[PDB]
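To start, the structure itself, in structure tokens.
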Amino acid sequence: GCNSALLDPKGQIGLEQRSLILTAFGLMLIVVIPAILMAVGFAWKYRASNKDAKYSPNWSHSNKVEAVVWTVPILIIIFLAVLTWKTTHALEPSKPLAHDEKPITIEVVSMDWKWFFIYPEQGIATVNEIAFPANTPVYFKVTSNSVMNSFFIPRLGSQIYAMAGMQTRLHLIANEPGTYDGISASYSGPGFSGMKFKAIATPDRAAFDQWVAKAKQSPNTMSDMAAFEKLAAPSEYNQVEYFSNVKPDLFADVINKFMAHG
Amino acid sequence: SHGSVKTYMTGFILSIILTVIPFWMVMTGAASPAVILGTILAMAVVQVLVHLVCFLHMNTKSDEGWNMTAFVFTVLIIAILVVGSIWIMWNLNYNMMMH
Amino acid sequence: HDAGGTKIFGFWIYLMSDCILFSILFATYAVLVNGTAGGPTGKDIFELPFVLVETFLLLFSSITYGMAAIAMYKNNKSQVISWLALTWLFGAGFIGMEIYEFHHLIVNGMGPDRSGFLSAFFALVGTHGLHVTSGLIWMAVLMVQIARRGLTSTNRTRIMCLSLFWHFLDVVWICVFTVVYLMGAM
Amino acid sequence: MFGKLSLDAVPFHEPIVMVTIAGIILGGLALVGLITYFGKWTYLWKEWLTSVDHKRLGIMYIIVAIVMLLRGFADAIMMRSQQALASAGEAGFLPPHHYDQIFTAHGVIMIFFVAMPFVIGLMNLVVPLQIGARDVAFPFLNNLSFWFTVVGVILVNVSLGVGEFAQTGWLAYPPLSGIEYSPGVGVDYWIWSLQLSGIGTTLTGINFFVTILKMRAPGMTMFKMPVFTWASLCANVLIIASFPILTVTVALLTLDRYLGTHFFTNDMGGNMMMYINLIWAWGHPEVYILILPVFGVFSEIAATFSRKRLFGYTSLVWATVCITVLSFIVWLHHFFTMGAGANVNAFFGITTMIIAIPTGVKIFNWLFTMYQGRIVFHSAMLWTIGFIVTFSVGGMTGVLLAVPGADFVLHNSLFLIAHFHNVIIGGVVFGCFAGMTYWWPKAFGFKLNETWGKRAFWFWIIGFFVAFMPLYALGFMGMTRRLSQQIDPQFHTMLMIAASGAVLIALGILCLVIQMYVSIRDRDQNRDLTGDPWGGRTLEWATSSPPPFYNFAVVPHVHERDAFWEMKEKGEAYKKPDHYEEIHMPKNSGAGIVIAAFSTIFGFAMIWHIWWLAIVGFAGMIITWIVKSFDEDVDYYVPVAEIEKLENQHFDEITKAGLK
Ligand code: HEO
Ligand SMILES: COC1=C(OC)C(=O)C(C/C=C(\C)CC/C=C(\C)CC/C=C(/C)CC/C=C(\C)CC/C=C(\C)CC/C=C(\C)CC/C=C(\C)CCC=C(C)C)=C(C)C1=O
Ligand code: HEM
Ligand SMILES: [Cu+2]
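Each protein sequence line maps, in turn, to chains A, B, C and D. So the numbering used here is basically just the index in the first sequence, starting at one, shifted up by 329. So the numbering used here is basically just the index in the second sequence, starting at one, shifted up by 242. So the numbering used here is basically just the index in the third sequence, starting at one, shifted up by 53. So the numbering used here is basically just the index in the fourth sequence, starting at one, shifted up by 168.
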């Protein structure tokens, strides 16, 4: 699908992701197309019913054919392996992005069948919805409050797992303003179909400041760990929620619920 | 598990040494943790070999030479996992920290 | 027709499978060794004299089984059942010390239900103890079979396979004392 | 009478589960009444249930496989229906509670009970007859392995009517499957269902690795065996190395669940990641444990119906050995997204991509077999050409997903199920049907019906395409695994196309039954009276129509790589030996099924927390082991009267066949 989320992506990371995919495909085609083609070709030119064919019943070893049947696949895999080394080092989710900004830090908590988001530098949190100005690196810290999930925004870039008692790092960027769907890509129990969130890429920094302004006006607040545990109660298809105040270092406190340090 | 009895008693003596030395080495604290670890590992692998020679009578002839190729094979596989695992998890821990 | 040969080869291959089974628990104890949760560590619960006496009992057991096998190959029945009785008594001493220590642990709130370290410790050492008590059962049933049937073909092949098993138990214990107890007590 | 077990463990409320249970117990009543009408009880007992014949045991292995394929496909069809409906804005009929059970059970069955026994049983059938042996190195072990597989199946099917099955996916990820998050018994069923079954599989792997080395016929150096034995040998090696890992991982998890240990828990020191690392260390060998035997099959067929010698024999054996080795250094690629750095990922992605050259050499040698042959278009070689075409694309997708930067997007998407379905259905199921159509005359004396089999193959291939090739596009547009509700509508069309293909596959499977039926109904006209219904090449074809309980009356002596063909060529292929000799053979035992019954009781008591009966089960099982070691009436001798009788029969049939 050309209009796919992966084949028409909007973040840089996904952009090189797709370029990688297509060069790998067009590299493997060179020995998989001839395979099928020869398969049917021989199936027909050497059907028992044929006569003009040359039927050699004892041709079992040609060093030429062995050479060329070992020589092309080795070359292709050399090239792919070099590409894989380079790209793997060039797209580690835990690696800063080279751009003249200050990345916006977002903290991601995988509550029972919900995505919790904390903006610490802004003192707000939202349930099932985030926003960040396009053309600005976004630094995601990720932890699971319950069972193994996977944070993923397909049309923007890469996914990353989410474990309880551990922190994970991802870096993404959006090349065009719009709304993108993100989901949990690891099964996590009964309401796994409702772990859908919407991520906005505002055109300007203004609109971003306006969305922060909006969140700043909510009647709710996440200040005690009591409210965290109140919200984390099992639930499904949660409506998008905003919170005014936020216990300063609450991400760390969650992670500490399971005692990690070092 | 059949051989001469003299061989079995020699193996007894060698293994008695190759046990007694590490324990004195570690409980009294004779040298540094590096010499300690080196010597205990070395001596362990040497006792394993001594048991597999005198006590297990492991030859390169029996069973068409497949008793050994089996053994060696297992070793490699163990090396592949025990080390591999240790590596993977070790890394996976450092990349899960509150950096 | 020589079926004992293939029986012994197959037991060798099973023992290799067992070596794999054990290496996995070794890797486990490696990955969760310092995974205590504000609890005891290897240096605080391991008393080494105990461990060394257990070792020497097992080593003695391995030697008496070698001598039992030789008594087989010289066609003595009483000799075989004697060396076997002795081996079984030493192995019984081994498991007796092991159960004493494990119970003294759990009765002081240090069972495998307190930290991923104590859990892996119990896994490894109990996996070894289970193999050893299985060998104890095997040894007793084979001994009564020997006493009532003599040094027949089946019994001889069975002695050889039990020999492989006992020697391998001791070989795994060398590693268990080198990597768990010693490397921790350090 | 005790435990967690209650009258409130059966879905009394459920219209769907309860009708299924009623129908299954009615069908059980049905087969029982049928068998006791005929009076085939004693016959079953003394010929099939207690048999130590690799032929009989392989047949029963394949029977279990075929009859659980039905449950597997039932679950697949239901899943497709639920999805095509939830895409359309409809509630559907399968809540998550059930839906998740369904996908867990389906994966488990199709990997452990359909795929595994099919291959293991074809091995059991044809490997001893190929190496020129009378039986396997360990008969009673074969019996016991089969019955451990049966205990596992009985457990995974009891879970359906009493209690539930794991809602965690087929590999039971730790945190979700712990006692905190999944308090119910579904994981426990999963735990003893495989463990017990595993205790069998391992033995079977050990069992064959011995045979293929020790019990060969004199004159067949290892570089003369037929390629199936080579591949089978490679497969056995991997089983021995691989299944201890699964044993210990499931054991640690049952410890976590039953005694409160902290191996993979979240608190108190545990580490979940280690589980994900360990199980895939077993998981990735196992796929190979399946692709390697089927590979052999295709080779054999490629050489039989193309009617020339396999190309690149040495290269094929070295390919399979390299695969065996390299199958232990690629498991990390099943969790590239769990955080490990760039170096671990790069290394393991390389090592996974390096696993491609062997299989590519394999398919090119297969192709150059067909190159200048005479291709007879039998059902089996249709299956083979289709295997080449399908598995090519499947493995290409796989290679592309072995590049970590791409796995970053395509992990767990429908691309993953597309690819791994591709390779399994393409490479595995395709070849197991190829193998049954190839070796059916050697097991019953008649040939399957060609028309219905060709129909089955065409439906299968077209339906697999129209089912799964929309999932490549779907996983490309973001749809992930295991969703069941309020599915995004922009996935509707593709999904509604997928279900269509599933229907097609049903027809193929339906064809299969018809293909079987009209064959047996008409068994008295379509017989293989020589023993060689295809112009074969290997030793199995030198035996009788349905071979004798002892494969050969006089162990053959090999001199070249294809034994039977060169015999057919010198002018000396059916040469009655001069004096026949008593044959020493093993007896039939009812002890194995008894160990297995005690094991079933033990597992079912462990799953419902009935401790006295779990104790009685273990006790009885070990006790029975200790009592079967006492009795020495374990083997008998076949006299020369019977051997002469049977071989006179077969050589009469042969002289009549060369006669007309
Ligand atoms: C039949 C079973 C089977 C087999 C044989 C395979 C064989 C391969 N598999 Fe697949 N796999 C199989 C069933 C699965 N795989 C899986 C998971 C999996 C993953 C990780 C999953 C993820 O991304 O999260 C990768 C990268 C692959 C790639 C491969 C590759 C490269 C091979 C290769 O050995 C095959 C490649 C074959 C080729 C390429 C033949 C064509 C070659 C030609 C024509 C010559 C050209 C030469 C070159 C291109 C070098 N597998 C999973 C996980 C399921 C789950 O997640 O629950 C399953 C079940
Ligand atoms: C979520 O789970 C799932 C669903 O449920 C919602 C689906 O419905 C489905 C539908 C799937 C299917 C219908 C699969 C297709 C099935 C096929 C092809 C049949 C397979 C054929 C076989 C021979 C299976 C092998 C059977 C066995 C080994 C025996 C198993 C024995 C069983 C199940 C016994 C169960 C007995 C009971 C429940 C008795 C209960 C007794 C009582 C309630 C006493 C009450 C009496 C009083 C007086 C109150 C499944 C299974 C899925 O797992
Ligand atoms: C009749 C052909 C088959 C169909 C239509 C089919 C269909 C499916 C579907 C729809 C899923 C889940 C898709 C999703 O998660 O969105 C699935 C999962 C799976 N299938 Fe199949 N399948 C078939 C044959 C097989 C075979 C032959 C195997 C042999 C291994 C197999 C093994 C699996 C496994 C392991 C899973 C994953 C289970 C899980 O993740 O919970 N399937 N199948
Ligand atoms: Cu894999």
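Don't be surprised by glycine CBs; every beta carbon is placed ideally from N, CA and C.
For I447 of chain A, the enclosing beta strand (DSSP E) covers residues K443 to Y448. Between the segment 103–123 of chain C and the segment 131–144 of chain C there are three or more C-beta pairs closer than 8 Å, enough to call the two in contact. At a cut-off of 8 Å between C-beta atoms, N301 of chain B does not count as an interface residue with respect to chain D. CA-to-CA, the gap between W626 of chain D and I322 of chain B works out to about 43 Å.
Listed in chain order, the non-local C-beta contacts of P807 of chain D below 8 Å within the same chain comprise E750, local neighbours out to five positions each way being set aside. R623 of chain D sits in a helix when the DSSP states are folded into three classes. Taking all protein chains shown into account, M228 of chain D has 16 or more neighbouring C-beta atoms within 10 Å of its C-beta and is therefore buried. Here the segment 367–385 of chain A makes contact with the segment 535–542 of chain D; the two share three or more CB pairs at distances below 8 Å.
In summary, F391 of chain D is exposed, with fewer than 16 beta-carbon neighbours lying within 10 Å of its beta-carbon over all protein chains present. Secondary structure note for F147 of chain C: its alpha helix (DSSP H) is the uninterrupted segment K130 to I159. Within its own chain, the residues whose Cβ lies closer than 6 Å to the Cβ of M310 of chain B, once the five positions on either side in sequence are excluded, are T302, listed in chain order. Not one heavy atom of ligand 4 sits closer than 7 Å to the Cβ of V235 of chain D. By alpha-carbon distance to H546 of chain D, the top candidate from D:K615, D:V557 and D:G373 is D:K615. Of all residues in the segment 489–501 of chain A, only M492, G494, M495, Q496, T497 and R498 place a beta-carbon less than 9 Å from a beta-carbon of chain B. Straight through space, the alpha carbons of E558 of chain A and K431 of chain A are spaced by roughly 32 Å. Approximately 14 Å separates the beta-carbon atoms of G788 of chain D and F772 of chain D; this is outside 8 Å, ruling out the contact.
If the five residues before and after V319 of chain D are omitted, its C-beta is found closer than 6 Å to the C-beta atoms of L364, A764, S767 and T768, all from its own chain and listed in chain order. Going by DSSP, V806 of chain D is part of the beta strand (DSSP E) stretching over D803 to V806. Counting along the chain, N439 of chain D sits inside no alpha helix (DSSP H), nor does DSSP assign it H or E at all. The C-beta of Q269 of chain D comes no closer than 8 Å to any C-beta of chain A.
Chain-ordered, the chain D residues with CB closer than 7 Å to the CB of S327 of chain B read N445.
Here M339 of chain B is exposed. Its C-beta has fewer than 16 other C-beta atoms within 10 Å. For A273 of chain D, the distance from the CB to the nearest heavy atom of ligand 2 is below 7 Å.
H428 of chain A is classed as exposed because its beta carbon has fewer than 16 other beta carbons within 10 Å across all chains shown. Comparing C-alpha distances from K610 of chain D to each of D:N719, D:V489 and D:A667 shows the shortest one belongs to D:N719. Its Cα nearest to that of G245 of chain B, the residue B:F297 stands out among B:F297, B:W308, B:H341 and B:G307. Minimum Cα-Cα distance from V681 of chain D among the listed residues D:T619, D:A641, D:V634 and D:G703 corresponds to D:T619. The DSSP-derived three-state label of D176 of chain D is helix. Taking a Cβ-Cβ cut-off of 8 Å, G676 of chain D has no neighbours in chain A, whose nearest Cβ is about 21 Å from it. The CB of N337 of chain B comes closer than 8 Å to the CB of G507, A508 and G509 in chain D, given here in chain order. Between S479 of chain A and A514 of chain A, the CB-CB gap stays under 8 Å. In this structure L312 of chain D touches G368 of chain D by the C-beta definition: roughly 7 Å separates them, less than 8 Å. Interface with chain D (8 Å Cβ-Cβ cutoff): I77 of chain C is included. For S547 of chain D, the enclosing alpha helix (DSSP H) begins and ends at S547 to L569. Under a 10 Å Cβ-count criterion, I190 of chain C is classified as exposed, with fewer than 16 other Cβ atoms of the shown protein chains found around its own Cβ.
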